[PDB]
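Data first, discussion second: the structure below is written as structure tokens.
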Amino acid sequence: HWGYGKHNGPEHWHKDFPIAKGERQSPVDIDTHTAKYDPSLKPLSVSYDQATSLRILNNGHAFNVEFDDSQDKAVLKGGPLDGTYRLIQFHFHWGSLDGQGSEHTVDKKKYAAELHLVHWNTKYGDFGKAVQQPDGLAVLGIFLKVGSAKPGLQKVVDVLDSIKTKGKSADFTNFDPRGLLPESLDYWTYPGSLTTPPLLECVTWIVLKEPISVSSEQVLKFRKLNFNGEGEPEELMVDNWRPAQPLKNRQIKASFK
Ligand SMILES: O=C1Nc2ccc(F)cc2S(=O)(=O)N1
Ligand SMILES: [Zn+2]
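Counting with the deposited numbering, you get residues 4 to 125, 127 to 261 for the letters of the sequence shown.
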């Protein structure tokens, strides 16, 4: 099965998932000098006041904080998007060292981690139908750098010991994802894909320019998670990031000068 190891990592994924070599794969390097300001892009609208978190799950490649998406409660709209996209889950990608971990890069810079807030287009009715469409998902990507702690992340960090291994979940209600957002919503946007198999080309990527700061202790606790299940040999869940993929015939657009 696919993973992030030497024999099953990103360079192998194309054998089971040939779209890995497709025309709109993610992540990508964001060349800040070539990204063009698009004055027709609107401000992002992030409406998370009614978000209902339910559960946190170690799925063997990251941990997902899942939300009730059976109603319009936490939605992303505006920006490059047409219509309304409902928050379904968020998760992170991170490194074994502070010098790597993000999936997107900025002028080849790798951040310590990257948060993905995943939303699906309500016109397709559910997530499973949305991923079959070129405009089915909108993923808000936020870089993490190591410095001061992020207070709004600590409730996540503190539950990780209860979901150490693949397949473990824990109740995780009343978590407010607004506490994970930077001050500015300036962003880059481009059409891309899921960054894990099945690598479907269904994502409008919206990557925020401003990183959030998290403490060394916070990211160190991400690195204590396990890829393996309980009672299997311990493999630390680190370096669960796909590297940048060829941009091909795409343009990255900036919301800001
Ligand atoms: O690792 C990732 N796996 C995903 C899997 C399913 C998604 F809906 C979105 C993503 S993602 O591209 O945001 N990141
Ligand atoms: Zn992701």
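Where is the CB? At the ideal position from N, CA and C, for every residue including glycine.
Close-in-space but distant-in-sequence residues of the same chain around residue i (CB under 7 angstroms, 5 per side omitted)
i, result
"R254", "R27, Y194 and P195"
"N232", "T169, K170, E238 and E239"
"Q92", "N67, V68, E69, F70 and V121"
"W209", "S29, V143, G145, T193, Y194 and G196"
"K149", "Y114, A115, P215 and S217"
"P202", "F20"
"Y128", "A134, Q137 and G140"
"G151", "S217"
"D110", "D34 and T35"
Heavy atom of ligand 1 within 8 angstroms of residue i beta-carbon
i, result
"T193", "no"
"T199", "yes"
"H36", "no"
"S29", "yes"
"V78", "no"
"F20", "no"
"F147", "no"
"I167", "no"
"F226", "no"
"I210", "no"
"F131", "yes"
"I33", "no"
"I91", "yes"
Ligand 3 heavy atom lying under 8 angstroms from the CB of residue i
i, result
"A65", "Looking at this structure, you won't find ligand 3 anywhere; what it does contain is ligand 1 and ligand 2."
Residue burial classification, residue i (beta-carbon count within 10 angstroms, cutoff 16)
i, result
"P21", "exposed"
"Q222", "buried"
"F95", "buried"
"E205", "buried"
"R182", "exposed"
"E234", "exposed"
"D180", "exposed"
"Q249", "buried"
"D32", "buried"
"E236", "exposed"
Proximity test, residue i beta-carbon vs ligand 2 heavy atom, cut-off 8 angstroms
i, result
"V143", "yes"
"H119", "yes"
"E106", "yes"
"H94", "yes"
Own chain partners of residue i with C-beta closer than 6 angstroms, once the 5 adjacent residues on each side are dropped
i, result
"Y40", "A258 and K261"
"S99", "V242 and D243"
"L60", "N67 and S173"
Same chain, Cβ closer than 8 angstroms to residue i, neighbours up to 5 away in sequence not counted
i, result
"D130", "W123"
"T200", "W5, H64 and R246"
"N178", "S56"
If you scan the segment 15 to 84 from start to end, which runs of the beta strand (DSSP E) of 3 or more residues do you find wholly inside it?
47 to 50, 56 to 61, 66 to 70 and 78 to 81
Segment contact, 8 angstroms Cβ cut-off, at least three pairs: the segment 155 to 164 with the segment 136 to 146
no
Meets three-Cβ-pair contact criterion under 8 angstroms: the segment 25 to 42 and the segment 214 to 221
no
Does the pairing of the segment 102 to 113 with the segment 72 to 79 give three or more beta-carbon distances under 8 angstroms?
no
Cβ pair count under 8 angstroms reaching 3, the segment 8 to 16 against the segment 45 to 56:
no
Please list the segments of the alpha helix (DSSP H) lying wholly inside the segment 187 to 226, counting only runs of 4 or more residues, in order along the chain.
220 to 226
Secondary structure, beta strand (DSSP E): runs of 3+ residues fully inside the segment 132 to 187
141 to 150 and 173 to 175
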